[PDB]
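K.L.:
as they sit in the full assembly, here are the leading chains:
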Amino acid sequence: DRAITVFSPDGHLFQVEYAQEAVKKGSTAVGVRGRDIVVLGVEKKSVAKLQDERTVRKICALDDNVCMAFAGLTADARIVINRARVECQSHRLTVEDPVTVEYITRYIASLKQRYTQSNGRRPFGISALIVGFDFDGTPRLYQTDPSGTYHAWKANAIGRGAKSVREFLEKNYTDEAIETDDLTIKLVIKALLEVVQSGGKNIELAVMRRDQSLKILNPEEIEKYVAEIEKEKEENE
Amino acid sequence: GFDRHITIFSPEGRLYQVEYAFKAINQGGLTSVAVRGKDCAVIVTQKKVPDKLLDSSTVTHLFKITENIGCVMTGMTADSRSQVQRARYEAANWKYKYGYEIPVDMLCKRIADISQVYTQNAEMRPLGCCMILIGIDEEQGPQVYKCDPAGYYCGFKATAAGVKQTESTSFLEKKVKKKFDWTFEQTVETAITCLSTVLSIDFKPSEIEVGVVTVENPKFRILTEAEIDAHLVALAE
Amino acid sequence: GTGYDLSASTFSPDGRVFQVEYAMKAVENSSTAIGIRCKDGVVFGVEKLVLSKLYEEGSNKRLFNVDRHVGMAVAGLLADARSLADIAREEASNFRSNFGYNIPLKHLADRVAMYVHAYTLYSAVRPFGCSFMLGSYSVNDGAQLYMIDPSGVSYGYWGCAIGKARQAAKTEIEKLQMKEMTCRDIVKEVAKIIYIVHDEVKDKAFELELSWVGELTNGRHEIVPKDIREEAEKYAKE
Amino acid sequence: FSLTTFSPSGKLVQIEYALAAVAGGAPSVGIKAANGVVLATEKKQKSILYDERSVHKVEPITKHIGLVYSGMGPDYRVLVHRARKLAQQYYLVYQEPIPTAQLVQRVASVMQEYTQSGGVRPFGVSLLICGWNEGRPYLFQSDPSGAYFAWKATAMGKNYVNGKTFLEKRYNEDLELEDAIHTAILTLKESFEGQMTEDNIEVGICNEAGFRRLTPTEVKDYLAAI
Amino acid sequence: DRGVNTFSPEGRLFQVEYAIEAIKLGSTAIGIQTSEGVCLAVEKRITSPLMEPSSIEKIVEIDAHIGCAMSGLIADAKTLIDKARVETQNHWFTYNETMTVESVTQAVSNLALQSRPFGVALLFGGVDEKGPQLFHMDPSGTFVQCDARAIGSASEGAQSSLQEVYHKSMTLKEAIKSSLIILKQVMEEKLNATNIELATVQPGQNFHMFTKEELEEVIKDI
Amino acid sequence: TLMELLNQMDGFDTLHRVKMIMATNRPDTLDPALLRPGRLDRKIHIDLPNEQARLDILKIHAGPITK
């Protein structure tokens, strides 16, 4: 029938619906709050021997206090990153105070809504999630659906496996298990580690420790945290 | 589909829109003949006047484009008038941009380019009127040309256009193959007998309107009732 | 047609514009009109169907004044007809502003006709659904009267008619002997012809809008004084 | 939409139809000889009513760049007008390079307003271009969608296949002097149905001295002794 | 047919008949305009506990004396609410006074259909010189003064219940409990403070959040 | 369509005992291209009967009537 940016006879907006279902095609992405540190992981399992792993860029910085993660079309996501980065610098230029996570997420959501409006523009098939420490201490996490909206979550769980991983998070999203930075990291692991085999090094974590720069977790330390998670799994017969 | 509905190339490798537009010229029920001569160029078209409530003073199909170029239209009268207006604008604009008067071949080339633009693109449509314009050109003698709804501008010595154009062209081909130059009498008599043999009505000197451009007399003489009657009397003698 | 009669930019397989061929049908369906070039002027006339007595005195009159000396009697789709009349008024005003004096009727008809043809040439816009006579008089150029069809071109008319019954009107128009009859008797005869044409045989009562231009009005195309042409309507009735 | 458009999964259906139209029927052979280039074409007018000195198939776009074409002559004009304006603009910007062969490649490249911006309906003409202002000749072909092909000898007519076969069999070769125009006329002869004559056949030559459309006198001279 | 501009063969252009039935997929919201003020109640309908309830908001204050409750595509609601704020601020800056809720609703209606039409319905409520007032604006740029309106998926049932539970001389205290009991009957789960939002309009107060997890004093009675 | 029957004229006129009479209403609009030699050619004038023809046809009409 009709699959353009017009209202269907039953309501809805079918092109927007297709774009929202598109994110499935992509990768898992999880991330948590904790008042001490915001950590988010993507987990990628597909790097041939001839491609350079540097330029996968599944998680990127905006204003050295905000990081976003891809879920969906990589080209659309990268364009969104570039535009959001430019606007973040503009909001640094004016209003000299640094950008706020909610502000940049609102800008991304407004851009997506603008692109869903009118027939000319394809509705940006990328579901994003942005975390980071605000200027006033509190670290936050928003998830923006491709259509037009954003929502302040405690755990995001966006992409393939989203339903199962989100169920796992909401099952045991313990704040006492959040507590310390290492506890937060090990909670993000064994949660993202659940998705797919996650055996050797598929996990791709990312760390924002309060006012430090965006920390991309080193592979040996990632294996160390996996071993610690295995240790916690042990002694539980 | 829409190969035959819009101005796009056919899968067989043809352009059907202009092929149709040429038949629009035959539509409308009229014919016109143009004969270049040794020194003059005379054209003539029938004047189909249904009922006398019309003004035979203004029903004509021949016009002065400039002081030395005279045109005869064939086809839908609205498009014919539009193209006559365009040709007059082109002649005046040429005389303004360059000092000397516009050569007839150059004028026909510009009109053909306009028509070619029309057959290009898809928003507009070609104009269903084929124009035969004649004029004296120095160092060239009389000159006759034909611009068509496609953009192919050519045509010489003896050329005709309209419903029964093929028969007229055949007769004129016989006459030109008969190697003898036409003086400012034989040319007119040839055109008259050509059109009369095409539409045998013996041509009462009121149903055709002939235009003449000689070399010693420039300008587009729309020959009057008395002149056409004198030529008819001399021919039928 | 079927496939080819959707946009005016699509030529027919035989080479015809079915959009205009259908726009002529609206003029053929709408109520008729008539205009006769009298000896020293032009007299218009048009029956207007009073679709309901709720309407006031004759409104949306098929006659219009496009310029001081020029009048337009239109038939067909009345809204687009009025817009076209506005185009004509603007054209006349522009010509008067540029070249001075008054716009010659032949050139005015030619310009409005080229404008109409512009509206049938393209695809996004549609052909005008109206046909109208432009009548004018001046001492220098006598009286002229040009009819423009929804897509065609102006043509000089001694007498013309358009609308529901063109042939029925034209028969008696050609029966009438113009070119030596004054605009007074012509104003009588045009009403006579309109009343000869069916008014209530299948329709409602009709109003007789009649227009003048000529040396008896020193140009200055104006509606004929209806109070004094009610007797002309009476003579038509007889 | 308003460009060179209509490309399905692994195809350019509109462009392919345009090439089917450029199959045409005017043979219009071209040969790149050592001394220069010859572009010859067939002017087979319907009846004797038409004229041959009135319209031309070979157009000098500039001092030593000559141009011949294929089907859709109305499109070819517009194209050659655009080409003249482009060569003139280049010569005006880079002033006085006497640019023909260091400009022949460049004008063939600027033949992208040719087709990469088709204009809703793509052009329906394939054109051969010849230039010799580099000390060496150049024969290029631009087709309704592609780009400069840099031929040595080809044809673009109704029988272009066997015309090209004839060119290679008659060995377009490399040592051929400027008077390979005889071989060009022979190649036309193959794709020609009639006793070809001076007005019937139109040929331009571009040698290192410049470009020139051969007049009927020389064309008839060459046609004699064939 | 399918064209956003072409009229229906019968009486009324389509695709706006499609845009209007977007409040159906939208969430339920109710509003009562009493002489005391205006009570605006909605349901957040959180899908997962991890999402912060504060993030999901259907009621936003356009200004200190206008509150709006959306029902439908929150994406379009964002743009309409932003335009309402901009227009209210422009009017205040121009005329140095408080723009009427009717005028604000009129501006939003003008911007509603001017781009495919917006698919959100708004419940404006606020104080003015003509007492507290409430307006129901519709996706099809049509606005209507209302005293007790419902909108959303359960619009029919909620409005029918409101039609008989409402009376012309009620107060805020009765309005809130009526709206809340209707909401509980309308929704699927219970009216927990983390799931139900409430907005009060007062002649001598700016329109603030309802006690915030201290509003259980109005759900325990329920 | 009439030109079709016109070029039919080579339908073995020598062999075929077939002619075609054209009973038009008015010879006004008859495509004068169809009145040249080789065309329909001959036209015979028939109009409303004169007084003599009228009285004769009245007599023949009254023939069957015996009163």
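P.N.:
Yep, it's here. Residues are numbered from 1 along each chain as shown, chains lettered A, B, ... in the order given.
K.L.:
burial check on residue E:157, number of neighbours?
P.N.:
For residue E:157, the count of nearby residues is 14 (other CB atoms under 10 Å in any protein chain shown). Every residue, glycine included, has its C-beta placed from N, CA and C.
K.L.:
can you tell me the SS state at it?
P.N.:
Secondary structure state of residue E:157, per DSSP: H, G, I helix; E, B strand; the rest coil, is helix.
K.L.:
from residue A:4, how far out is the closest residue to chain B within chain A?
P.N.:
Of all residues in chain A, residue A:120 sits closest to chain B, at 18.5 Å by CB to the nearest CB. Note on residue A:120: its distance to residue A:4, by CB to CB, to the nearest Å, is 11 Å.
K.L.:
higher neighbour count, these two?
P.N.:
Neighbours per residue, other CB under 10 Å: of residue A:120 and residue A:4, the larger number sits with residue A:4, 12 against 7.
K.L.:
surely that one touches residue A:15?
P.N.:
Yes. Using CB atoms under 8 Å, residue A:4 is in contact with residue A:15, at 6.0 Å.
K.L.:
surely residue B:80 is within a strand?
P.N.:
No. Using three-state DSSP, the secondary structure at residue B:80 is helix, not a strand.
K.L.:
and it, how many residues sit next to it?
P.N.:
25.
K.L.:
next one: residue D:215
P.N.:
12.
K.L.:
residue B:31 now?
P.N.:
Burial measure for residue B:31: 22 neighbouring residues, criterion other CB under 10 Å.
K.L.:
please name the nearest non-neighbouring residue to it.
P.N.:
Among residues not flanking residue B:31 along the chain, residue B:162 sits closest, at 3.3 Å (CB to CB, 6 or more residues apart in numbering or on different chains).
K.L.:
put chain G on too:
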Amino acid sequence: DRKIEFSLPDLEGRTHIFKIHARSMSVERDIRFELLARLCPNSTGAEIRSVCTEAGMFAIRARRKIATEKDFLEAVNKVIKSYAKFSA
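P.N.:
Below, chain G sits with the chains from the block before:
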């Protein structure tokens, strides 16, 4: 001749349909079925029969063949199935 129609049950028609259907089954009319009749605006007679069928199905699912005093369960199943019919 005589073209007539209805298929537009109001409150009274819906409650009378409830009565004639509750004549079947092991139900009685001590249930406040007027509440459900109001709950469904213009729910035909087909959907009323369906709601009665669903009430019986809920009773047998509960394994209680009793439906005369099984009114609260009657109301619960009817309202949840009205919810499902409107949006499932």
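K.L.:
and the neighbour count of residue E:157, now that chain G is part of it?
P.N.:
By other CB under 10 Å, 20 other residues sit near residue E:157.
K.L.:
what do you get for the one 10 residues further on?
P.N.:
Counted with other CB under 10 Å, residues neighbouring residue E:167 total 10.
K.L.:
on the three-state scheme, it is what?
P.N.:
coil.
K.L.:
for it, what are phi and psi?
P.N.:
Per-residue torsions, residue E:167: phi -140, psi 150 (degrees, to the nearest 10).
K.L.:
pull up the gap between it and residue E:32, please.
P.N.:
Remark: distance between residue E:167 and residue E:32 (CB to CB) = 10 Å.
K.L.:
all helices for chain F, in order.
P.N.:
Secondary structure of chain F (DSSP state H): helices at F:2-7, F:51-62.
K.L.:
export the ones you listed to TSV and tack on distance to residue E:126 and mean neighbour count?
P.N.:
Putting the helices of chain F into TSV (distance: least, CB to CB, whole Å; neighbours: other CB atoms under 10 Å in any protein chain shown) gives the following:
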stretch	distance to residue E:126	mean neighbour count
helix F:2-7	84	11
helix F:51-62	98	10
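K.L.:
what is the neighbour count of residue G:45?
P.N.:
Residue G:45 has 17 neighbouring residues, counting by other CB under 10 Å.
K.L.:
quick check: closest non-adjacent residue to it.
P.N.:
The nearest residue in space to residue G:45 (CB to CB, 6+ apart) is residue G:17, at 4.8 Å.
K.L.:
how far is the helix or strand hosting residue C:79 from where the chain is centred?
P.N.:
In this structure, residue C:79 sits in helix C:78-99 according to DSSP states H and E. When C-alpha coordinates are averaged (CA atoms, centre = their mean, to the nearest Å), helix C:78-99 and its chain have centres 15 Å apart.
K.L.:
slot chain H in:
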Amino acid sequence: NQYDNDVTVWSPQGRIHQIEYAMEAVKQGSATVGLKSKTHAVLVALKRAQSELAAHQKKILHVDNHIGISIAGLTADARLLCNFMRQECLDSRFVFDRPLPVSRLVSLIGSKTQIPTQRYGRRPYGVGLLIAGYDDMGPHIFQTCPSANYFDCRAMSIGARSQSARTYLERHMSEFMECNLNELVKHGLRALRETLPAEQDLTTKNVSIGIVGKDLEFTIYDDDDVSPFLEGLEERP
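P.N.:
Let me add chain H to what's already shown:
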């Protein structure tokens, strides 16, 4: 039916179909009547209510001290026409300090609405207008249909079942010039009451009145302002 799809296309049988559908927009709307007099123009509009809780919506819109309109049809592109008419009247006030005569205003509206009837992608303004004005030639009532063909009227009504009101207005229109203000308003009230079904009856909450006279600037009376006119109803539903 293909030919009914678009406004631009023209039906083979004659008039286009989209315009004919546009009049159904005004047909599908609450009823309104408007009548002239010797000295006053009065509009009576049935304010259609959504539900008893909601208000009866707004009809009889205000334009200027001497002009007031009543809409019947698509409310969306009706406030737009109201804005246009207000703007034109204010423009006239601004340029030559005189109230814009209604006839000129109606011609402007007709020309403005004519263009969308011929421009592709633009729907016609499917709004029925009943303009009541007092120029220097006494009160005026004009009806504007979406087909852009306006009409002048002694008394005209538009809306659902407005034919009965039309018939009553026609049968009583002889006695309209010589009527007191209240007599004419009660004429209009009877005409409107004859429209809605017998169950419905006039109320102070569901009717609106627009009165403009020689010394009385345009005024919109209702409930309280209406009761004095509603008295003496002579109720025969």
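K.L.:
go back to the neighbour count of residue B:31, now with chain H?
P.N.:
Residue B:31: 22 neighbours (other CB under 10 Å).
K.L.:
now the one 4 residues further on
P.N.:
Here the count is done by other CB under 10 Å, and residue B:35 has 28 residues near it.
K.L.:
pretty sure it sits in a strand.
P.N.:
Yes. Counting by three-state DSSP, residue B:35 is located in a strand.
K.L.:
didn't it look like it was pressed against residue B:189?
P.N.:
No. Residue B:35 is beyond contact range of residue B:189, at 9.7 Å (criterion: CB under 8 Å).
K.L.:
quick one on the thing from earlier: show me what the helix holding residue C:79 is packed against.
P.N.:
Secondary-structure packing of helix C:78-99 (3 or more CB pairs under 8 Å, 6 or more residues apart in numbering or on different chains; DSSP states H and E): strand C:70-76, helix C:105-121, strand C:130-138, helix H:102-114.
K.L.:
among the ones you listed, which comes closest to residue A:232?
P.N.:
Among the helices and strands packed on helix C:78-99, the nearest to residue A:232 by CB to CB is helix H:102-114 (75.0 Å).
K.L.:
do that closest one and chain C come into contact?
P.N.:
Yes. Helix H:102-114 reaches chain C (CB under 8 Å from any CB of the partner chain) through H:107, H:110-111, H:113-114.
K.L.:
quick one, that helix and helix C:78-99 angle?
P.N.:
100 degrees (axes from the mean of the first three to the mean of the last three CA atoms, to 10 degrees).
K.L.:
what's the end-to-end length of stretch C:195-210?
P.N.:
One end of stretch C:195-210 to the other measures 13 Å (CA to CA, to the nearest Å).
K.L.:
apologies, that question was intended for stretch E:54-72.
P.N.:
Stretch E:54-72: ends 18 Å apart by CA to CA.
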